[PDB]
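All remarks here apply to the structure that follows.
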Amino acid sequence: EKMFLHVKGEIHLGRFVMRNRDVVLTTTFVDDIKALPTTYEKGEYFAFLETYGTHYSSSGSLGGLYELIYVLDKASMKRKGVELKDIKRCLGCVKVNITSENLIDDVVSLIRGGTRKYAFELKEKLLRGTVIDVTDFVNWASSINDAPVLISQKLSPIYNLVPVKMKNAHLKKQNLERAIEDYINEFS
Amino acid sequence: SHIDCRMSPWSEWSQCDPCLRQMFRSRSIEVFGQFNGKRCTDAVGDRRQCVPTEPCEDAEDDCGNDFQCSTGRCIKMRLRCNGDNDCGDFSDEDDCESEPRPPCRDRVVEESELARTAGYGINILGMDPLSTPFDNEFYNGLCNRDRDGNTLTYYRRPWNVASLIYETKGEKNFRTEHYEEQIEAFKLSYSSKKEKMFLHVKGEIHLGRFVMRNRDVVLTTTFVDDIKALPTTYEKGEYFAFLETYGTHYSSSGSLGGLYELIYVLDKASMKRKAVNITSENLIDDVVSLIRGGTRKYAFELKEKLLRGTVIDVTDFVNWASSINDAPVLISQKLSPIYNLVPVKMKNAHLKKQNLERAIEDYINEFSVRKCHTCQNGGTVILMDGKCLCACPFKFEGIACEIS
Amino acid sequence: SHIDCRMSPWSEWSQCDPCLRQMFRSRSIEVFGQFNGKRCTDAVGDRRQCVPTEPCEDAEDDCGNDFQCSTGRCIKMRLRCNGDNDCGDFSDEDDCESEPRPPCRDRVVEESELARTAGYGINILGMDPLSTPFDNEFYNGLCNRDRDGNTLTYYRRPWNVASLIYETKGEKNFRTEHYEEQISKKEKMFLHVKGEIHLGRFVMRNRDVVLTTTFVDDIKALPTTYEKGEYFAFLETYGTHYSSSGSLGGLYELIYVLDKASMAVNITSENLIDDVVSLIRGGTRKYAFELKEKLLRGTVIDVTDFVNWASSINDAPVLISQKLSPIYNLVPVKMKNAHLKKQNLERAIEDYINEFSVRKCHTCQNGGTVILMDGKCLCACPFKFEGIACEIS
Amino acid sequence: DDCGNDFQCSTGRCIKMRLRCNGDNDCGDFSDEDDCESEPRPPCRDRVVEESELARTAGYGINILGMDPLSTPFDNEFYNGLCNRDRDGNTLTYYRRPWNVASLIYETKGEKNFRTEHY
Ligand SMILES: *[C@@H]1O[C@H](CO)[C@@H](O)[C@H](O)[C@H]1NC(C)=O
Ligand SMILES: *[C@@H]1O[C@H](CO)[C@@H](O)[C@H](O)[C@H]1NC(C)=O
Ligand SMILES: *[C@@H]1O[C@H](CO)[C@@H](O)[C@H](O)[C@@H]1O
Ligand SMILES: [Ca+2]
């Protein structure tokens, strides 16, 4: 045997893209660069690289998302009274009472953004082994306006933000590259 | 096995740019990564400050008989008193209090929200749209008193959108396609069946269409200034950085609107023969929906309904069709290279155009999927941020479709 | 298989145009890209600035005794001092102080939007009703009162429109055709429906045209020397043609098609196919985007939905069909080198006819045929052939 | 450091002299805006706008399988004294775009997939 069922959804609110020159940083970020030594002071450069970030998203996507993999092997329920089209129909039915039954168990939840009330209601219905109603998804979708999450991102390393006016600018950027290169070996 | 990042370093260093007080470098990316081996995040080009080795030239670039705007734009002088915003700074209009009048005398009129976002920048990396290189706030003193759109009420068309129109066209398509096949024999008893489904649906709700004026174009102060910063010297990764963050192209053709689409693909097989007892079953199922444009309350309400056996309520479509008034998406367009907007009447502009085209060719060649390794079995190569890979909804598995 | 973009070299530089202060050459597309190879974009005309090699001529181009408006467009004093603002930049307050009232002495009258959009430009690429070359807000100082269209209310008709006759037509054309055969059994269906409503027809005046300040001044800006890029830029921003007349209205069209067959030893087979489509244009959104959906389903329609949809065409028409006139007929003589502009607009349109030819793209596989799109020659095919070149099934 | 004819900021920045009076918090805690009350000239000509909460957090600092607890290295409270604006189609409200964010496009797009393969 091999078997899986997936349900996946996107809610997309907007695209952001950002500058690569004439950038204005927070003063607290360029202060953290002005405090770096001229030397490859690896412990301090790893301190900075976790005091703001290793990379940044030169662009991303504001929204919300779900992935709800049914690890459930169909035959775990399909031996009892439900056809393949009927279990589908119940997930999105009279042949058993699947919403009352202990039969649906192994559905995973990943849910991103929106107000906790609605995210919880979707999660609670899924772990009980029950489908969400279309009412529930539109209520969730309305709430992503208050609480977005990044669905996907396109990435660049943080040393690109270091201003060209910085005393020892190229040396610091080259030492941040030397530090970024070590992370890949620091973690197995 | 999967493939991590490969590159070679700068191998060059510019002299100091006199007016810009800076120097540049750019490096050869070989392979960003394949099959989820680790990304090349490191920079395609970088720059360093220099105290310049010679004087800068005369910095002014005055267009002459045109007014040199406080933004650095250029325009016909008289408009600077008219209540049109010519300048990219309203207070140049505030300055000339002596001849204030708007471009229309008695008209009561709206801003076209379709015209404001007309001429999006685009990046070929995903056909991402980007905010307009174009100004779209200036009227060129033209009254241009249109009344298109479903409310039949006046709007003014800003100087860059030569055409903008609000055409009310729709189309919808349906296909549902089904097969069943059976083979059975005896000598040993053998039986088998196959079942197939295909669906396509789409529907288009057009709102409008546009074209951008290819001469005397009026640009965002930022775009016309963000040409000034350019190296003049074909520093590959720097012209790549402008192409990355104002886009490879700017466009003008429109289908603005809402759109929906669906597919089902289902394909199913079962086989048995019969002491000896042998059997197999194979089945692939896939169903997908898309919605774009309109407001959340109705467009997100529709998106899931489309997949189901559920017959959709016609007034839900009518509420969506109304909401596309507020929230269009660009369904189709005509691309034009971004360099056509670096204007005449600015220093070294042709050399800046030459470098922008060569950097578009570099954009085309370094993202080229021809560099990546062959996908296995029935698949074909896919590109994503920092990696090549492939995937196959067709009885194949793994990040290169290696196995079945 | 997939094919990439290809172009000529860049032609040798023009000399410096004296008044335009620029110099260019061009680059022909050979192949736009085909079958999802790397699609073309890159420019066919591009230009460099020059400090000119000789003097520009005297810049004024006034039509003699005519009034020199702030547009620099040729007009006569009756058009300005009667308050009508014909000359293109609302200047009339400068011209007269005593009784400058509009030509409709007391009986001042509304305009029409369906009239204003008359003489849309059109382009063989995309066939778009580009916004008017004509300045339909010029009225030639005429009061010119229609009372036509279904709003049962008066309107002033624009100078460049000979008439906007609301010559109404509503036509439904319908066909069905079906067959059955048995020995095995076969069943076949075709359905076609179209409905057309013509609200009216506009005709553009064939002499004495008033063009938009932008159209006339954007031909003043031409090279004078046969350079593709600036001529193509005028084409691509104003049309290859103007609609010298056309029909405003709405349209719907539908199809359904079905084709069905059915046919120790145990052998059998079944075959089926389905194809359904709907189109709507014109009318206000609520009714149109009801009806285009509504008619794709079998639903026996409320006649009041047809009445509401097609009533709304009075407020929101689409151009059903029109008479194309080659665009250069709109360079008004009594302008400097006016005919040399005509000549090279025609030569640039002939150059348009050269590179956008699909015929030179490579053959699609199996039962297919080639189409051209923005940077791709491509095909789509019968008999379940597949991929953008139809090489497989 | 030394902004020349332009203005040197409290926690170390340069603000162009035209910015300082406008109302935009050019230099942190409104420390740009000490006294210019004779010429407080706005970026927008009395247009209604509210500050984009969806973009003020954009440009998050990122780690390999992680993201920052403190909002950004970029300063999304900076606007170059421009008024350039995007809008929410859902409430019809206009927002200024932070000058870090080269583009905001607000798009309503919903995509949903169900899938199984079985053997
Ligand atoms: C095959 O499986 C069926 C299941 O009912 C069983 O009855 C039959 O005896 C099996 N045949 C064999 C043993 O090959
Ligand atoms: C028909 O199907 C049966 C199923 O067992 C098979 O045994 C037989 O060979 C096929 N031919 C006949 C019976 O027509
Ligand atoms: C001359 O034309 C060539 C094409 O052969 C270009 O590559 C070059 O940039 C220049 O325009
Ligand atoms: Ca002005």
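Line by line, the protein sequences are chains B, R, W and A. For reference, each letter of the first sequence is one residue, going 270 to 361, 384 to 386, 393 to 485 in the authors' numbering. For reference, each letter of the second sequence is one residue, going 18 to 204, 263 to 349, 392 to 521 in the authors' numbering. For reference, each letter of the third sequence is one residue, going 18 to 200, 267 to 346, 392 to 521 in the authors' numbering. With positions in the fourth sequence counted from 1, the corresponding number in the authors' numbering is that position plus 77. We treat Cβ as the ideally placed atom computed from N, Cα and C, and that holds for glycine.
Candidates the options: closest to residue i by CA position
i              : options                        : result
residue 169(A) : 462(R), 466(R), 441(R), 460(R) : 441(R)
residue 49(R)  : 40(R), 450(R), 60(R)           : 60(R)
residue 198(R) : 278(W), 34(W), 399(W), 22(W)   : 399(W)
residue 439(R) : 332(R), 18(R), 277(R), 270(R)  : 332(R)
residue 466(W) : 303(W), 182(W), 495(W), 520(W) : 303(W)
residue 355(R) : 51(R), 64(R), 35(R)            : A break in chain R separates 349 from 392, and the residue in question, residue 355(R), sits inside that break with no coordinates.
residue 520(W) : 268(W), 495(W), 471(W)         : 495(W)
residue 338(B) : 426(B), 280(B), 461(B), 444(B) : 426(B)
residue 148(A) : 155(A), 136(A), 156(A), 140(A) : 136(A)
residue 447(R) : 286(R), 91(R), 29(R)           : 286(R)
residue 316(W) : 200(W), 485(W), 472(W)         : 472(W)
residue 336(R) : 277(R), 320(R), 349(R)         : 277(R)
residue 115(R) : 121(R), 106(R), 126(R), 97(R)  : 97(R)
residue 477(R) : 500(R), 313(R), 507(R)         : 313(R)
residue 392(R) : 503(R), 155(R), 500(R), 263(R) : 263(R)
residue 90(A)  : 100(A), 82(A), 78(A), 99(A)    : 78(A)
residue 17(R)  : 93(R), 72(R), 74(R)            : In the structure as shown, chain R starts at 18 and stops at 521, and residue 17(R) therefore has no counterpart that could be examined.
residue 133(R) : 144(R), 516(R), 156(R)         : 156(R)
residue 492(R) : 505(R), 461(R), 435(R)         : 505(R)
residue 130(R) : 73(R), 274(R), 178(R), 305(R)  : 178(R)
Contact under 9 Å by Cβ, residue i with residue j
i              : j              : result
residue 323(R) : residue 142(R) : yes
residue 300(B) : residue 301(R) : no
residue 173(A) : residue 108(R) : no
residue 284(B) : residue 345(B) : no
residue 183(W) : residue 158(W) : no
residue 124(W) : residue 162(W) : yes
residue 140(W) : residue 318(W) : yes
residue 430(W) : residue 271(W) : no
residue 113(A) : residue 88(A)  : no
residue 326(W) : residue 458(W) : no
residue 33(W)  : residue 40(W)  : yes
residue 404(B) : residue 461(B) : no
residue 294(W) : residue 150(W) : yes
residue 517(W) : residue 19(W)  : yes
Strand pairing of residue i, partner residues [DSSP]
i              : result
residue 405(R) : 338(R), 190(A)
residue 283(R) : 331(R)
residue 271(W) : 196(W), 342(W)
residue 454(R) : 324(R)
residue 430(B) : Answer is none; residue 430(B) lacks a bridge partner.
residue 170(A) : 165(A)
residue 396(R) : 347(R)
residue 514(W) : 520(W)
residue 46(W)  : 24(W)
Beta-carbon neighbours of residue i, restricted to chain D and to distances below 8 Å
i              : result
residue 179(A) : Any reference to chain D falls outside this structure, whose protein chains are B, R, W and A.
Anything with a beta carbon under 5 Å from a heavy atom of ligand 3 counts; list them all in chain order.
26(W), 27(W)
Quick check: the segment 303–312 of chain R against the segment 416–426 of chain R, are there 3 or more CB pairs under 8 Å?
With fewer than three CB-CB distances shorter than 8 Å, the segment 303–312 of chain R does not count as touching the segment 416–426 of chain R.
Of all residues in the structure, which have a C-beta closer than 5 Å to any heavy atom of ligand 4, taken in chain order?
96(R), 99(R), 101(R), 103(R), 110(R)
Around ligand 2, which residues pass a check of Cβ closer than 7 Å to any of its heavy atoms?
The set of residues with any CB-heavy atom separation to ligand 2 below 7 Å comprises, in chain order, 201(R), 202(R), 203(R), 264(R), 266(R), 392(W), 393(W), 394(W).
Kindly confirm or deny that the segment 175–189 of chain A and the segment 402–413 of chain R touch, where touching means at least three C-beta pairs closer than 8 Å.
yes
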